[PDB]
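K.L.:
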Amino acid sequence: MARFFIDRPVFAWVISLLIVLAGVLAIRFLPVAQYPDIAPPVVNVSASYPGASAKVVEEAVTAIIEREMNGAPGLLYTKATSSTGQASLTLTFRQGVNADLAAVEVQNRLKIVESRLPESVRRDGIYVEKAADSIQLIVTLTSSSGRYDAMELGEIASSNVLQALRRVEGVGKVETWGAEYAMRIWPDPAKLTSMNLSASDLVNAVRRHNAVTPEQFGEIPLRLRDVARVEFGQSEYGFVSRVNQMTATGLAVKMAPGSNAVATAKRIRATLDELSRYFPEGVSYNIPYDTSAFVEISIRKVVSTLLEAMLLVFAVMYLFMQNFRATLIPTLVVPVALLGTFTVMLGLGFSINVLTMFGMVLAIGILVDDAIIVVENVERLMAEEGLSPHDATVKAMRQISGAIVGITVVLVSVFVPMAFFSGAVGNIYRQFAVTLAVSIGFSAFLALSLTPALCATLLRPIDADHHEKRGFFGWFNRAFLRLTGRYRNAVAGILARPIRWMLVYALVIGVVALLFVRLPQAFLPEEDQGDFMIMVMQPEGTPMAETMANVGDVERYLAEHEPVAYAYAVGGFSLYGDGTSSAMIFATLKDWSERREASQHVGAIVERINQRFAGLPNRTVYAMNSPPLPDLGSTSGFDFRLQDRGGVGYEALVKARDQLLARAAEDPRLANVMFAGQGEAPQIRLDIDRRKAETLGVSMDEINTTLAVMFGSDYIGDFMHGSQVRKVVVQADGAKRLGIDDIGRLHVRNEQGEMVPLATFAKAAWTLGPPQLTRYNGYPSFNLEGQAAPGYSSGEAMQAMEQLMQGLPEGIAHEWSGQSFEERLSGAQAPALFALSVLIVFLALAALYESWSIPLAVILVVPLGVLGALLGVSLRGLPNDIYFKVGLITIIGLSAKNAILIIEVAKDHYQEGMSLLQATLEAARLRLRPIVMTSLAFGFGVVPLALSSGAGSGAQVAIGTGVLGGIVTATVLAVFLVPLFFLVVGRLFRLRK
Amino acid sequence: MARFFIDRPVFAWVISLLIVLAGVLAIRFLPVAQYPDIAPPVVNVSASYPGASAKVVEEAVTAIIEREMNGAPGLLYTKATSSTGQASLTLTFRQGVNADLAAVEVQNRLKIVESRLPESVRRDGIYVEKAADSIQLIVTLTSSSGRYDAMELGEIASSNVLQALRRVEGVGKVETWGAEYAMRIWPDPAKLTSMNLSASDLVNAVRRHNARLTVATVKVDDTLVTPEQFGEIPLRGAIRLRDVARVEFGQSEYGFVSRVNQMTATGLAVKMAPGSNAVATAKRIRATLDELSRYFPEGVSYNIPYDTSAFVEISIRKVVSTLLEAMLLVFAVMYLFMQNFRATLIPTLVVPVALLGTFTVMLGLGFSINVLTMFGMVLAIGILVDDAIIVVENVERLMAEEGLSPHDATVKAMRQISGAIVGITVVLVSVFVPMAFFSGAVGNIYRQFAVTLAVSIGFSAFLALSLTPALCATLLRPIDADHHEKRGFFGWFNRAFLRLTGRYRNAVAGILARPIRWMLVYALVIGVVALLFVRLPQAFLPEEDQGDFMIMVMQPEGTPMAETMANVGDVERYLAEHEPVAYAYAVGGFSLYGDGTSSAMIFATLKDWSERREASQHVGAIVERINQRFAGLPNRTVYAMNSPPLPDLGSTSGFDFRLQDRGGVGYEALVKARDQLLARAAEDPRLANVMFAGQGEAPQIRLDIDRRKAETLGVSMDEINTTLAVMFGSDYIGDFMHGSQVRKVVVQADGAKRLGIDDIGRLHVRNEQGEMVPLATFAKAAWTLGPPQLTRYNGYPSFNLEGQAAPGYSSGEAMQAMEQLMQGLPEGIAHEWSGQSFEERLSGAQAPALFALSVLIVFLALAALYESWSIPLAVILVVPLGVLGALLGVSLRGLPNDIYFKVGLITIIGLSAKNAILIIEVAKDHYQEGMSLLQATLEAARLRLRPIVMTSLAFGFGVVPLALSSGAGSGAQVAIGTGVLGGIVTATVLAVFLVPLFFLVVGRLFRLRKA
């Protein structure tokens, strides 16, 4: 069809312009994110057994539900956490499962197993939801005047902000982190012990008199305040959200799965604008934590990188062609293909993410390659034979179209298999594959439609002045001619002793194998997200005052030695277990431009935070950067599950856990390996004598009420306007300090009501036990989370954990979860990835060139490029990762292209009659210049990624360095060994001459 | 496209290799089953009202739920049954809806009226389930050491076997039947007479006493809910160990009586997860059971008394073996004729690739590998072989007759046949696709695979138009002079076939010479085909010996569990004496009720078919010996389901007549109307056997409560229920009998053995004050004859009537006749057809319409292929010839016009049509050359003789094994065989002697002329 467009330039221009218009419109309509939809579908099942406690809930509810859900279609795995009187089973389904249909199936199974579950549980009702549990944005209301305090701000948010934020499209759930006033003026057992009451008297009297100030609450006849004289109960600070050492209402925002974070954030901000339009007096919304900002800046940076790559490719193509129009043609080819790729992305639903932009940046050189071939040949014909631009273009098309077709076919074929892979790794592969393949296809189409027309119109007959530059360009031309002569001599040398150089090639293959073995595997690299979390782990049940003081210290440190714009945290909420004395500092860093030095990088900041809070047994303040992929995983470190598949028992499982933790501490590869589960806590066991209950005349439930007045919630009447709370909780437990044990002597209200302290009616034990019980995939498990020590990759850390598991008592498994599971999947997929890519290349070439020998040689070419990629990544110290594997695929494609460039022409000349040796040498010379030109163009197009620096540059460096090294060897080695490969193959298989 | 691939062999090779790899992966991922799911999505709602009258159950549970369900999306119809103590509402949903979403909606609608339902049912909880009552495999653990209790064995199973089986790949559910450990309150029958039972009060005390703290690490670890702890719990002399409980309980939780060959075991049913290979899943289960057996304390021997997977596997084996043997026979025939090993190799390579492509498409669409899929695979391999063999034969004959080199011969042969190939592909597509339009998924599968196998001949349009031409262009080597024809059997056979061809040409010339007579013969063929088609019974699926039979002992409404066990033992002994049963596991309850005391299920696995080869040892005869002879007792209704067909939906002329509409007419009035209607239906000749499937009214006793006197007295109605509970009262439960494990507590008068009948309206009742006053003073017990179960259809109490059409009378005609016979019945009563009747009423004329459409499309396509409006008529006329042989064979065999027969007939039509198209195309080409119609026709007949003979011989010999099948799936195999074999024989002979006549007749009639 090339001739058709040659004679119809207007038609080609029309097609190109239509493509450009479609691209612009698609870009306007295309959603923008950072990463594709890697979030695995997740369904949460929640049940409650108020009449039960921990480890009875697990046996009666958790185990039954998890056994029923076993065998669910698409069920990736199951994590079941059973607390006291509450069971939560999160069933993670594999990527590609309809969340709603999955929830439907879960509900069906839940109804099927409902009968087995305790009737109390059935009446309670087990809920099934699909909401994500990852906070994407936080909202805080701050009153500048200070008129509205925590309770007032919380009421304001609940009245306006809360419902409006839920109304916003794209957010699944808005969680509130505020608190409301209460009036817990109730004594401790020290007070009652000094007295002779079991607090039924006073609590009941307060209830009667309610039917009022805290003083008046205490001053109640049993008007004795002293009997109830305690610290002024006020739950207004109950779950205080500490933003920059201040108290503000916390509004966690969890965006709904499959929702554009940027658009959802924008909608949230607009709704907050309206709420502030109806603000009370001084209240204003101050979002302290956001994720979309890094997404936006990353997209901007990659766009800038793309522009720079385009500039560099123009530079190289000019250096070779040395004429503006000739360089102009491929530069015009580039954007059209990119815009068509954008349109296809919109058609397939692929959102504009960092990965697709990486694909475009890599594409640029591959896109220019074909037009480079076309224009180079047209110029050669227009100079050597002096053909008119039209005639030169026609002849060049006649002699170049086959090469164009072959190169495009091999590239698309190499980018085909990766798309078929599933999982989040499959999604990343799909992004890159779609981008590259569609771009290359459109590049070929333009190289056969637009490029010929431009070569026949834009190109003007070169005169002697342009023919002999007599300058730097002339020097380049003469030097390249000299290099071509030396290259011909070198290729003759390569073919002189084929056995020797083939042995060298086999050595190259061996070195490839060794390098691949040495290179450590890893997942996507870390980046300076601009925000991080400092989990202040505290002893379970420690006074919340200690946690709050520690949080204040953290906030001050972040405001003294760190560049933190927003140091937000929640008291009573943490990934430690969400305990009342557990907090997490959701710190947001300042601008990345301000944070330019290495110390100002988030990693160094976190390291300094750990150092500052090192040597603190009281508070384990562990800082962590935001996970690079917040969907598949939630913790920066690996997710290890210590499954008790053998059923060794809880105590034996704990022994295995502690031994593994000690060995991990010994292991140099591992670091910061900690048990996410909370430690054993003292649990009192009141073995109240039921027969004694019968004798006393107070029911066991009546005795339960007596110990509820001893320890139990009863919210009757509050009046404080601050939060407009009408619930004064009579919780004698929390008020003053009832937590201290009463095993010495409990206090009981007998049938008479004389309030004589309980002597032995309750057999208090005050033992200890686990706060929660965790099972993974139906096996009791302990969640051990660690990280790789500096100088070791994540894959190395995972392998270290696996090795240390060896030696644990039989019955202990090393299950992986979260991002660790995806890393295992990627490591398993990598061999299939490369092997399938090479196989598809071979088959495509075989069908294309109607032979097996030609694809055999082209396949022989690949290991050199693979070698170069490995060499570059090792030299820079980068680990093997998904980006490295994609780079490997690209290098396979480029090496195959460079191989074909020589091999096809050599095959043509050989079939004409030229001796295999002679044809090989002649081809090598003829195709030297196109190979070098295209390879340099592609390499310098990838250079900006390799040399990228700053926020969101680790990924760019990771992919670019490997691609650059591969293309470096995919040319230097190829131009010498491809002739050898073809010669040897032609000797092995008698090609038709 | 042949020219392209002829020039590019490696290209075609690559395409074929891609197809092969895709096929391998598809087979790796394809689901495997016996039959595909055809049943419309059905939701079962079950509820239990402990100790409630059937009429009471209908009034509260059945009616409310049924009424509310009306309105669910695609609710095709609603059927409801109200037994005593439980009710079941089957909601049949129209096909196309997702069963899961329907189940969720049903659950929500049940939630809507949960409150209205009685509190006891609320505690029990309405159970909603997608209809999957398919227990494929059964695992039982017998007391191997003779020292393990049934409940002990069940404990071992639940602890270890249950969870492991749940984890096993492709296991939907592992529901169990084994008896457990539940308490059973066992007071004396004089408890109320002596002092008072008032067991309600003490059981409420049990529930109240069991308590846990509400407030946080502090907790209570004291709760007494066990038989031993019942002496420590306050049970309200009064009842306690400290009070007077005495007789505690026994038999723990009496449950499903599990006896594997009269040996106590534990009931552990297993169902396959839908979409999982049953055979492979069975293998997984077997290995897991091996490991667990090693675990077992040498007394828990695992037994498999039931596994449907075995028959599925053996049938699939039969089919696969048939495929392999067919390929071998094709090799044999092609060597017999061509005598060139490479030429023999070519189709033996081409065919499997097309099969694998069919597998790939099948996986893509979602169709699951089933006996239907594989059986029809064996149908189209002959068609697959046919196209490859005609292509290679045309290539080789040019290499022999002419001196064309393999490449040139391939080019010319493809130039000759390609257009015909395209036309034939289209024709076969248009003859197989219409089968999909049927509302029967059986026909849909038999379409999809056969359609993509004619489009495996379309993959041959990418192989036999691409790969086969390429292979012939390369693998074929020029004939080694005449060395291929030596003095051996091969050469003599070749010479003899040449002589036969000469004789055949002379005979065809003779037939053409007198066309009128042979056309009259063809009309006679039409008449014979018609008459044979008339005299043939209609069926849907031929049953086969699965290797197992199910027995259900239905007994009077309630029989003592001891008596039920006695009858079960009698049946089991009879089976162990006069029947070849490998395993005879018996489980109480189950059957229609599901847990009914009278009901009893016997899963009895037969021996291997080899030892049961004798016809009397076939499952049909074995079931025949049962249900009579030993069985047939008046009260003991022991009936053996004679190998319930996996698609339990096939019904030749079954009428699902439902006298649903009540219109206020009393149950008695509806009974009268039912009797009148069934009598009149018996009288009318259009109708046949008509029965009232509902069980006849059994003796009973009612108790008019003294509710008015209870209003006057202090006796509450709940107090009356408690007095019943004292004497005739059970089904309440307890909790926490063994730790977290939740068991039950059941009040039983006089311990286990009350031994009382006169308790009816005799027991005194102490009032609210406590004064002993017989409720019999005002409450009266009266003998009655009430119905066992109340059935309501679409919200109307109905009498399900099952009938068949009288021989020769149309099913729809008989349904109209049923309606007319009803016409005139008392007002308020109406009819509603269900199941097969309902579907037929919806549409029954699909078949003629799509058949006519297929004929029209074929005619148009042939008109395109021949470039004439007259020539296709001959190809159309060819069709009945093939039908003749299938009809003759099925008549001689006596087999019915089953689905297998019909599909095989369609396949034979396709094969004969392909042959006819080839013949007529070649004849037309020769005519267009200039040769006279007669001579061109003769030449075409001569040429298109050897490929047809080879095709027919290979396919027929491949089909012969199936036509001679011996047990182990014999039914379907022999149906397919008989049909295809007869069609092949007659089709081939009549075609080669008549299609030339057809072309000649058309040419003379319509004045065909040169271009």
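Sequences listed follow chains V and D, in order.
So the mapping is simple: the numbering used here equals the position in the first sequence, first residue as 1, plus 359.
So the mapping is simple: the numbering used here equals the position in the second sequence, first residue as 1, plus 31.
Each residue gets a CB set at the ideal place from its N, CA and C atoms; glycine is no exception.
#1: Need the endpoints of the alpha helix (DSSP H) that V:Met1069 sits in, please.
#2: Go through its chain and collect everything with a Cβ distance to D:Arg39's Cβ below 8 Å, but skip five positions before and after it.
#3: In its own chain, which residues sit with a C-beta less than 6 Å from the C-beta of V:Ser600, not counting the 5 before and 5 after it?
#4: Whole alpha helix (DSSP H) runs in the segment 57-134 of chain D with 4 or more residues, listed along the chain?
#5: Quick one: list the residues of chain V neighbouring D:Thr248, beta-carbon separation under 7 Å, in chain order.
#6: Excluding five sequence neighbours on each side, which residues of the same chain lie with their C-beta closer than 6 Å to the C-beta of V:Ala1310?
#7: Can you give me the C-alpha to C-alpha distance between V:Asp750 and V:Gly1272, rounded to a whole angstrom?
#8: On the DSSP letters alone, give me the boundaries of the alpha helix (DSSP H) that D:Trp814 sits inside.
#9: Between D:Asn129 and chain V, is there a C-beta pair that is closer than 9 Å?
#10: I want to verify the contact list: residues of chain V whose CB lies under 7 Å from the CB of D:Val202, in sequence order.
#11: Quick one: residues in its chain with C-beta nearer than 8 Å to the C-beta of V:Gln790, no 5 flanking neighbours on either side, listed in chain order?
#12: Closer than 8 Å, Cβ to any Cβ of chain D: which residues of the segment 437-469 of chain V, in chain order?
#13: Determine the extent of the alpha helix (DSSP H) in which V:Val769 is found, giving its start and end residues.
#14: As a quick exercise: from D:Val278, D:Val889 and D:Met592, pick the residue whose alpha carbon is nearest that of D:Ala944.
#15: How about V:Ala778 and V:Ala792: do their beta carbons lie closer than 9 Å?
#16: Identify the contact partners of V:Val415 in chain D, using a Cβ-Cβ distance below 7 Å as the criterion.
#17: Hey, V:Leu817 and V:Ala685: beta-carbon distance below 9 Å or not?
#18: At what residue ranges does the segment 1188-1274 of chain V contain a whole run of the beta strand (DSSP E), taking only runs of 3 or more?
#19: Apply the 10 Å Cβ neighbour rule to V:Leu1234 and answer buried if 16 or more other Cβ atoms are within range, or exposed otherwise.
#20: Just how far apart, CA to CA, sit D:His649 and D:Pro927?
#21: So, is residue 20 of chain D buried or exposed, given that buried needs 16 or more other C-beta atoms within 10 angstroms?
#22: Please confirm if the segment 1184-1204 of chain V is in contact with the segment 1218-1235 of chain V, defined as three or more CB-CB distances below 8 Å between the two stretches.
#23: Please report the straight-line C-alpha distance between V:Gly800 and V:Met676, rounded to a whole angstrom.
#24: Helix or strand or just coil, what does DSSP make of D:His769?
#25: Can you give, in chain order, each stretch of the beta strand (DSSP E) that sits fully within the segment 315-403 of chain D and has at least 3 residues?
#26: Using a Cβ-Cβ cutoff of 8 Å, what residues of the segment 1059-1073 of chain V are near chain D? List them in chain order.
#27: Please decide whether V:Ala803 counts as near chain D, where near means a Cβ-Cβ distance under 9 Å.
#28: When DSSP builds the beta bridges, which residues end up paired with V:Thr501?
#29: At a CB-CB cut-off below 9 Å, which residues of chain D make contact with V:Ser474?
#30: Who are the neighbours of V:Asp1046 on chain D, taking C-beta pairs under 8 Å?
P.N.:
From the atom records:
#1: Walking along the first sequence from the start, residue 1069 of chain V turns up at place 710. Where V:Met1069 is concerned, the enclosing alpha helix (DSSP H) stretches over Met1059 to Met1069.
#2: One-based indexing of the second sequence puts residue 39 of chain D at position 8. Only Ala501 meet the Cβ criterion.
#3: Numbered from its first residue, the first sequence carries residue 600 of chain V at position 241. Excluding residues within five positions, the ones whose Cβ falls inside 6 Å are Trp536, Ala607, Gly609 and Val929.
#4: Scanning the segment 57-134 of chain D for uninterrupted alpha helix (DSSP H) segments of 4 residues or longer gives 85-88 and 94-100, listed from N- to C-terminal end.
#5: Counting from one through the second sequence, the residue named residue 248 of chain D turns up at place 217. Listed along chain V are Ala1040, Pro1041, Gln1042 and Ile1043, each with a C-beta nearer than 7 Å to that of D:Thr248.
#6: Here the question's residue 1310 of chain V lines up with position 951 in the first sequence. Result list for V:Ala1310: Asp887 and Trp951, in chain order.
#7: Position 391 of the first sequence, counted from the first residue, corresponds to residue 750 of chain V. Position 913 of the first sequence, counted from the first residue, corresponds to residue 1272 of chain V. Cα to Cα, the separation comes out at about 27 Å.
#8: To locate residue 814 of chain D, count along the second sequence from 1; it is residue 783. D:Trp814: not part of any alpha helix (DSSP H); member of the beta strand (DSSP E) spanning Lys811 to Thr815, first to last residue.
#9: As a working note, residue 129 of chain D is residue 98 in the second sequence. Taking a beta-carbon distance threshold of 9 Å, D:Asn129 counts as an interface residue toward chain V.
#10: Here residue 202 of chain D refers to the residue found at position 171 of the second sequence. Per Cβ cutoff of 7 Å: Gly430.
#11: Sequence index remark: in the first sequence, residue 790 of chain V carries index 431 (1-based). The beta carbon of V:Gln790 sits closer than 8 Å to the beta carbons of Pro395, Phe709, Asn712, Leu714, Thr715 and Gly718 from its chain, once the five residues preceding and following it are set aside; these are given in chain order.
#12: Listed by position along the chain: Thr443, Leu460, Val463, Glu464, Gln466 and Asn467.
#13: Reading the first sequence from its first residue, position 410 is the one you call residue 769 of chain V. Per DSSP, the continuous alpha helix (DSSP H) segment holding V:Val769 begins and ends at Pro748 to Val773.
#14: Mapped onto the second sequence, residue 944 of chain D falls at position 913. Looking at the Cα atoms, D:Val889 is the closest of the given residues.
#15: As a working note, residue 778 of chain V is residue 419 in the first sequence. As a working note, residue 792 of chain V is residue 433 in the first sequence. Note that the C-beta distance between V:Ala778 and V:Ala792 is below 9 Å.
#16: Looking up residue 415 of chain V in the first sequence gives position 56. Simply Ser771.
#17: The count along the first sequence starts at 1 and reaches residue 817 of chain V at position 458. The count along the first sequence starts at 1 and reaches residue 685 of chain V at position 326. The answer is yes: Cβ separation under 9 Å.
#18: Segments of the beta strand (DSSP E) lying fully in the segment 1188-1274 of chain V: there are none.
#19: Locating residue 1234 of chain V in the first sequence gives position 875, where the first residue counts as 1. Its Cβ having fewer than 16 others within 10 Å, V:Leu1234 is exposed.
#20: Numbered from 1 along the second sequence, position 618 holds the residue referred to as residue 649 of chain D. Numbered from 1 along the second sequence, position 896 holds the residue referred to as residue 927 of chain D. Taking the straight line joining both Cα atoms gives about 19 Å.
#21: Residue 20 of chain D is absent from the model: chain D starts at 32 and stops at 1042.
#22: A contact exists between the segment 1184-1204 of chain V and the segment 1218-1235 of chain V.
#23: Residue mapping note: residue 800 of chain V aligns to position 441 of the first sequence, counting from 1. Residue mapping note: residue 676 of chain V aligns to position 317 of the first sequence, counting from 1. Looking at the two C-alpha atoms, the distance is approximately 21 Å.
#24: Taking the second sequence and counting its residues from 1, one reaches residue 769 of chain D at position 738. Three-state DSSP puts D:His769 in a strand.
#25: As far as the segment 315-403 of chain D is concerned, its whole beta strand (DSSP E) runs of at least 3 residues are 333-338.
#26: Only those residues of the segment 1059-1073 of chain V whose C-beta falls short of 8 Å from the nearest C-beta of chain D are listed: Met1059, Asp1060, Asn1063, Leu1066, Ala1067, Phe1070, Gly1071 and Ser1072.
#27: Residue numbering aside, residue 803 of chain V sits at position 444 when the first sequence is read from its first letter. Taking Cβ atoms only, chain D never reaches closer than 9 Å to V:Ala803, which makes this a no.
#28: Residue 501 of chain V sits at position 142 when you count from the first residue of the first sequence. BP columns for V:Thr501 point to V:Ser643.
#29: Taking the first residue of the first sequence as 1, we reach residue 474 of chain V at position 115. Within chain D, the residues near V:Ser474 are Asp155, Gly156 and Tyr158.
#30: By 1-based counting over the first sequence, the position of residue 1046 of chain V is 687. Chain D residues near V:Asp1046: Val251, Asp252 and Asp253.
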